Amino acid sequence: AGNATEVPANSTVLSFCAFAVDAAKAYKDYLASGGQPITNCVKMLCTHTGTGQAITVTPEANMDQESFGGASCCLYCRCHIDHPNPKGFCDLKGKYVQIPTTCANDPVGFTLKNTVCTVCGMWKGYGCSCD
């Protein structure tokens, strides 16, 4: 009974991060020890004519990005663990997330390490127009 959500290539990393005190540090350390990034994300097909904003209601990739389903790029959603936000809710689940093509091999690691500018809506260091 039931429907699978995961593939065996992700079992080790998800188990490690599901038990960690600090899941983000565990994922960073797993990668630094030679582990593969989490796969089986929700990658979208789009027109690559979007606004390029980081977190959007519909896919908004520009020609320098890819669009993904938001929950699938969130380590806390992927491991089914608590979110660090004060009220414990997610800012990615229920939205699409734009990720620079140069980083699209590891969308989960990208979202853990980067920050969205609250003024222009683009990733700091990857589109932010506020200097």
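Start at 1 with the first residue shown and count on from there. So that the term is clear: the rigid core is the largest set of C-alpha atoms that superpose within 1.5 Å between two forms.
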>> Between 31-39 and 97-105, which has its CA atoms farther from the current form in 9 other deposited structures of this protein, using a rigid core superposition?
In response: 31-39
> As stated in the PDB record, which stretch has the larger average Cα B-factor, 82-90 or 48-56?
Replying inline: 82-90
>> When the Cα temperature factors in the entry are averaged, is it 14-22 or 119-127 that ends up higher?
In response: 119-127
> Among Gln98, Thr39, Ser72, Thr101, where is the Cα temperature factor highest, going by the PDB entry?
Replying inline: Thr101
>> Split into thirds by Cα B-factor across the chain's modelled residues, where does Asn62 land: lowest, middle or highest?
In response: middle
